[PDB]
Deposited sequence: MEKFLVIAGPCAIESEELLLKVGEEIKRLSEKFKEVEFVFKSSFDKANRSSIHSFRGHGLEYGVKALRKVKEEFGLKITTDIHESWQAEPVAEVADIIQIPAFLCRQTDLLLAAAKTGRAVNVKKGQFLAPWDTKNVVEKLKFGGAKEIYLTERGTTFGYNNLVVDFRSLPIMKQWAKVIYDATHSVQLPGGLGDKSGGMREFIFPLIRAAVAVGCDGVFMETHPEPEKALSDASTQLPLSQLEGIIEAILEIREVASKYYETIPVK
């Protein structure tokens, strides 16, 4: 079924995770056709500034994510940054996420694949759509069986990303495809007004799921504040993409 990966960018506190987790649980009950996966990073290991927020550590993070899964029965997903983190994270994460800058780091991919969990790789901003075939092969070699590739924009000049929707059908040849609606519009080192329009395009073109960072009060978020979707708008967007998908799916090309 259609996948919806959502949650606050960073684990600012399990308190925050619970609030967002409650709303995602609610939507989960309203849209039984959709498979929801709660997402939040225990560490923002690639911030531009040394003075920016990273998180409260892996242990506190994994603990908070456990609280969400136990309290709401929602599947979990978080990203790893070094090989050693794969095992401990797999304890709670149903889907292990591979950062875009790290999509070519063989040992990280293998470490993730070895856990037995599903692996979602953010397509690097430097990668061409067809270059992801090799990424999937690394994971299959590592024992991975449920593999996802996420479209999150491609480097377009300086401090800008463009979404080449031709990537969706191309990547679909070797993996399930997820569209990252929030990072695709950010301006490296974004514009919220483009989030909805592009997510509509993604489902019209055809994908297997969408990824969206959401926060009760984006303006106060400690990470990606300019692009996180306000929690209150999540239901509306999900219903919208389901209706568009329903009509458009008739025309999705085979493989």
Relative to the deposited sequence numbered from 1, which residue ranges are unmodelled? 1-2, 192-198, 265-267
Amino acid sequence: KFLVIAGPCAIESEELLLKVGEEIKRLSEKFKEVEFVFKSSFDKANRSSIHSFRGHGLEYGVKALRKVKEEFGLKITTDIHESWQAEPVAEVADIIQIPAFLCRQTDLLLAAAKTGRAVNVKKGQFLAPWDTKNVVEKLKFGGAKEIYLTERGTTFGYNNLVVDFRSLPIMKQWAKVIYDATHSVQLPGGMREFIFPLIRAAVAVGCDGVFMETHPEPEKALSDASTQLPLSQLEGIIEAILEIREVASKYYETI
From here on, numbers count along this sequence of modelled residues.
Decide, for the other PDB entries of this protein that were compared, whether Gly189 is missing from at least a third of their models. yes
Higher mean Cα B-factor in the deposited model: 163-171 or 84-92? 84-92
Quick one: higher average CA temperature factor, 239-247 or 6-14? 6-14
Scanning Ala225, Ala45, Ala204, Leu198 for peak Cα temperature factor in the entry gives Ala225
From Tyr158, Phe126, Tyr179, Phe141, which pick has the Cα B-factor that tops the rest in the entry? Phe141
Quick check on the deposited entry: does the C-alpha B-factor of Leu74 sit in the lowest, middle or highest third of its chain? highest
Third assignment of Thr115 from its chain's C-alpha B-factors: highest
Should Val37 be placed in the lowest, middle or highest third of its chain by the C-alpha B factor in the entry? middle
Going by what the PDB entry lists, where does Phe53 fall on CA B-factor within its chain: lowest, middle or highest third? middle
Sorting the chain's CA B-factors, does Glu146 end up in the lowest, middle or highest third? highest
